[PDB]
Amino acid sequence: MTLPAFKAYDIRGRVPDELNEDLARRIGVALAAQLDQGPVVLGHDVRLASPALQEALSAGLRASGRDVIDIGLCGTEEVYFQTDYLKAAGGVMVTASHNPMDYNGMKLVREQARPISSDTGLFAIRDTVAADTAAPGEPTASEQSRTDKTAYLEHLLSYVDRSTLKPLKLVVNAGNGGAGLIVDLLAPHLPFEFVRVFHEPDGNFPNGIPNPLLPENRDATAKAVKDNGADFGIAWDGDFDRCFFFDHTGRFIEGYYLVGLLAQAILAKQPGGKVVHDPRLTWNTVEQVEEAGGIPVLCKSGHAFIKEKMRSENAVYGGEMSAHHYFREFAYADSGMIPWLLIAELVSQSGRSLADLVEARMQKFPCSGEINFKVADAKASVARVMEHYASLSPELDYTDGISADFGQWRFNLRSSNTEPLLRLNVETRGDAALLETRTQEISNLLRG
């Protein structure tokens, strides 16, 4: 047995048996040993248990001679921004994301908010913690509280020309996570008319744990949009590093289409830039990026792959279909705030609704949505799919699972690196009927 809470990208488990204040304190001790010189930024989400896990992190860190910058209740992206902006040695965000009520977790970064993942420190942290039986030392460094968000808010606003913004009517749905705080601090500097839904942070989640992808949660933002004649609606996950868009009809916009949209928005800022994208769904992104004068860069999905690739390529923007958007100027980190500011600016400047901006693209490259299969034998199931399609001679690429291009349609089939699952994505060249028959044909094969 190894500590179950240590995953590929972060730490998450049930408190107290998979994650607790003792483990959190040991993690702080262990993280001090893994970072270069400098202070460590700490932050936490709205969960009731999160501050105590932060305080243990801080105690272990300061017992190890690390100055601690407590930035308080915040979104994950604030930890990334402050870690990089303040030139810290690293940062930890205590966040349970959309795990159950009795779960919590941490996301860890080193200098310039570079991810710490299982193969880049996180398992080395785990191994140290698992063998650490030492007595907790006492503090030999200080903790300072740094709640000023001015630098962060100014950074967010710098992505748009505020004189070109229109008084759009925007539904905002923090899901009782933490996004409402940042919306409200931005609001005085924006002309938008906000319709606030599930706005107050409440770690008891009276309206459900924040997760806009679940249909009942999706419909609350949809309803608010349609009922209020909003221009569009934005919903966030709890630590708001993910945002989700609803057009003026209340229709949720599948994340695939936000990648090409945001890339076109950004490439009008940065001519000729590179855009990193994942291989699950591609054709639209590639065409929208080239059409906007940029260069698309294919990259294995997963935030740490995306971020490393953006760095090596100097890519201005990176987008994943699963509602993750990374920005070079934002320390190559993801933000749940930059994207909607960019979209609001695009609608304001173009005179086009969010619906119109994506409508033709969704018709031209219709996609299945990511479809998950839990199966008895992932390898055997994947082979059953590949054998069935072999006689059609698809063009195959193994960048991230299997990508098979048949000409008028393609799919990607992946093993998740964060769950024991197979994940299917299918798209076609403007053919809804071929999309359905091929999705069902593949689905039946995987379920075989």
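All residue numbers are counted from 1 along the displayed sequence. The term rigid core refers to the most C-alpha atoms you can superpose between the two forms while keeping them within 1.5 Å.
- Superposing the other copies on the rigid core and comparing 99-107 to 178-186, farther C-alpha placement in 9 other deposited structures of this protein marks 99-107.
- Between 38-46 and 410-418, the larger root mean square Cα shift in 9 other deposited structures of this protein, once each structure is superposed on the rigid core, falls on 410-418.
- Averaged over their C-alpha atoms, the temperature factors of 357-365 and 286-294 are higher for 286-294.
- Mean C-alpha B-factor is higher over 144-152 than over the other stretch, the pair under comparison being 249-257 and 144-152.
- Per the deposited coordinates, the residue with the largest Cα temperature factor out of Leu42, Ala59, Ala383, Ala33 is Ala33.
- Taking only the listed residues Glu436, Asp22, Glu18, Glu427, the entry reports the highest CA temperature factor at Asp22.
- Per the PDB record, residue ranking by Cα B-factor puts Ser393 in the highest third of the chain.
- Among the modelled residues of its chain, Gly180 has a C-alpha B-factor that falls in the lowest third according to the deposited record.
- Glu329 sits in the highest third of its chain by CA B factor, as recorded in the PDB entry.
- Ranked against the other modelled residues of its chain, the C-alpha B-factor of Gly336 as given in the entry falls in the lowest third.
- Looking at the C-alpha B-factors along this chain, the one for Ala130 belongs to the highest third.
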